[PDB]
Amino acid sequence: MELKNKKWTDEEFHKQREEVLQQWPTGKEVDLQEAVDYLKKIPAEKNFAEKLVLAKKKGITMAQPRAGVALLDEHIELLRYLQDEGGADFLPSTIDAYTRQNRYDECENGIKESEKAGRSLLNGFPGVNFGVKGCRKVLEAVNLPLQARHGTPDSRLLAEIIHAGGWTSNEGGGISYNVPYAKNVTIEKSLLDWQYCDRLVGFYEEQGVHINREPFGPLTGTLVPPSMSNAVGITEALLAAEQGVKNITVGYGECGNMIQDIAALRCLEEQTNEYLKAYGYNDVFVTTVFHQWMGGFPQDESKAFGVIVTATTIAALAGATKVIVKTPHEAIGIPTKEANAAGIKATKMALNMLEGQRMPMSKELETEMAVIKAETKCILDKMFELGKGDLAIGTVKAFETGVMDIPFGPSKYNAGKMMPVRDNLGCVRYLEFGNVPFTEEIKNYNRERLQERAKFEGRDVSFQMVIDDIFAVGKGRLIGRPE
């Protein structure tokens, strides 16, 4: 197929579906007519899109963990624990990494081996191998809405199965589930395959079924400047809205400076709404998700709680609709159900300790929001230019030219030129701009903020500081000060 930012016709979509469903025998379990009736019989309490509307309505932040294991019964026992002992508001199903490369063969051996070993040898739940039947078993066994959380360039079959499975949210996008996760997939192909995922949701909405989509904000989780992250989220939102998506949670990963982070999430929400309406999408319900620190964690569990709960405080004061929970096991391995419940209990406590509290406006916040909106518009403006008004084509060309550039992304289609680093108050800034199309004014502000760190630390800003910042939180602090 040719890439263009235009809604797929029903005939085109259908021809693709018939191909996609043949990619594994469980595709035979997907019946769209049957799936709509199933989905419509799910209670509102278990519908992700509808619960998000409620959250928004009540001004509350809801908490959601990461979690998944190879075997169905075990996976279900884990989610129930998170729900009941943890108090989660939303449930995930974190998909294993073989699935994410469409290696269902490896998934199958992984399941057998996990069975034999009495423990999960997979780092998530193989949803495609378990089919619609298993995904439904999961949903029927819990009392909260369910969402696939993963990192899959070609997610078309997984999406068919988990939605027919009654999971009413799918995370990801054509940029965010490529560049941080793949080395050899073109931006064009992942945009096309995520158009399918958005268009399926579009189908379901057409039938009156509400299903959420969440672009993956944090990307590589490693010092991503808010303007670059937000440009990606806004783009994926627009490209989803074109295929008929009506309920969207845009996301952001904590950088650590409270004001910077609050600015980032407000800018994301505001400009997402602004762009949607400027391009004629006037019936999209937008929510926000704040992810707790996605970089390296300290191994000490008490220190980990320090990260978890400070991150939660930022989320709450930011007015985030959703916060993604980290655990005291983060530095070591996939958490036990008890360690995950811990993380969720600590998070929910903090949220309840801050009920209704929001950061008020200040000159400080105002200035950082102007900065982020200006940077972000530079990037989006250039994208629309390169695509001659088509944001899909503009996205491809933007990565080709380094206009869009994601720190540390393993994709060969990512330029890898832009370099981030923190300033003297821990705000993430641009150290090296590469081809990111900023004005000199915008470049001058980043330099000015960074010079302050240089002066305080008595050393020139450099890649060594970047290295220092990569290890800082794991070593006990936000900013990589020398020593």
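The numbering used is simple: start at 1 and walk along the sequence shown.
**Q** Quick check: 295-303 versus 108-116, which has the larger average CA B-factor in the record?
**A** For C-alpha atoms only, the mean B-factor is higher in 108-116.
**Q** Taking the mean of the C-alpha B-factors per stretch from the entry, tell me the winner out of 440-448 and 42-50.
**A** Of 42-50 and 440-448, the stretch with the higher C-alpha B-factor average is 440-448.
**Q** So if I compare the CA B-factors in the entry for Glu236, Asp154, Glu274, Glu171, which one is the largest?
**A** That would be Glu274, according to the entry.
**Q** Which one, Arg429, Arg453, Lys58, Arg66, has the peak C-alpha temperature factor per the PDB entry?
**A** Of the candidates given, the C-alpha B-factor peaks at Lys58.
**Q** Which third of the chain holds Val371 when residues are ordered by C-alpha B factor: lowest, middle or highest?
**A** For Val371, the deposited C-alpha B-factor lands in the highest third.
**Q** Quick check for you: using the entry's CA B-factors within this chain, is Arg136 in the lowest, middle or highest third?
**A** Its C-alpha B-factor, which the entry lists for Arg136, ranks in the lowest third among residues of this chain.
**Q** Name the third of the chain's ranked CA B-factors that contains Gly409, choosing lowest, middle or highest.
**A** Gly409: CA B-factor falls in the middle third of its chain.
**Q** C-alpha B factor of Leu32, ranked within the chain: lowest, middle or highest third?
**A** Highest third of the chain for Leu32's C-alpha B-factor.
**Q** Can you work out whether the C-alpha temperature factor of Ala70 puts it in the lowest, middle or highest third of the chain?
**A** Middle third.
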